[PDB]
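S.K.: So I've got this experimental structure, pasted below with the sequence.
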Amino acid sequence: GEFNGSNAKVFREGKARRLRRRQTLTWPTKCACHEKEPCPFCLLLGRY
RNA sequence: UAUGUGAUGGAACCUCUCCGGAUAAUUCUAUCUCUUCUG
Ligand SMILES: [Zn+2]
């Protein structure tokens, strides 16, 4: 996935913003995942 | 009743300090009671 960037505001009427503070895990990359046919993890996340 | 590519809040002991204490022989004698009718 990506797990970066984003524009979370933790509210619709305030800036504040919501961000991570811990470490994100990794796994080796296999197959092709893109906009047309996202992998199940990206489909759940909806990063595209 | 959220709004979405990002939430270690299991991420914090109502904790700390303070003699239910102090004083006292289970002992012992003076009355009580008010209206009587000329005396
Ligand atoms: Zn993917």
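M.R.: Nice, I can see it. Numbers count the residues shown, from 1 in each chain, chains lettered A, B, ... in the order given.
S.K.: count of residues packed around the closest residue to RNA strand B within chain A?
M.R.: Per CB to the nearest atom of the strand, residue A:5 is where chain A lies closest to RNA strand B, at 2.7 Å. C-beta: built from backbone N, CA, C; applies to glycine. Counted by other CB atoms under 10 Å, the residues lying close to residue A:5 total 7.
S.K.: same check, this time on residue A:33
M.R.: 17.
S.K.: Surely it touches residue A:39?
M.R.: Yes: assessed by CB atoms under 8 Å, residue A:33 is found in contact with residue A:39 at 4.0 Å.
S.K.: Pull up the residues of chain A that are close to RNA strand B.
M.R.: Residues of chain A found near RNA strand B (CB under 7 Å from any atom of the strand) are A:1-12, A:18-22, A:45-47.
S.K.: Name only those of those residues that count as buried.
M.R.: With burial judged by 16 or more other CB atoms under 10 Å, the buried subset of the residues of chain A next to RNA strand B is residue A:47.
S.K.: filter the residues of chain A next to RNA strand B down to the ones close to the ion.
M.R.: With CB under 5 Å from the ion as the criterion, the residues of chain A next to RNA strand B include none near the ion.
S.K.: Among the residues of chain A next to RNA strand B, name the ones in helices.
M.R.: residue A:45 (DSSP state H).
S.K.: Next one: the closest residue to residue A:16 other than its chain neighbours from the ion, what distance?
M.R.: Once flanking residues are discounted, residue A:16 sits nearest to residue A:10: 4.9 Å by CB to CB, 6 or more residues apart in numbering. Here residue A:10 is placed at a distance of 25 Å from the ion (CB to the ion, to the nearest Å).
S.K.: residues touching residue A:10, list them.
M.R.: Counting by CB atoms under 8 Å, 6 or more residues apart in numbering, residue A:10 touches A:16-18.
S.K.: cutoff 10 Å now
M.R.: A:16-19 (CB atoms under 10 Å, 6 or more residues apart in numbering).
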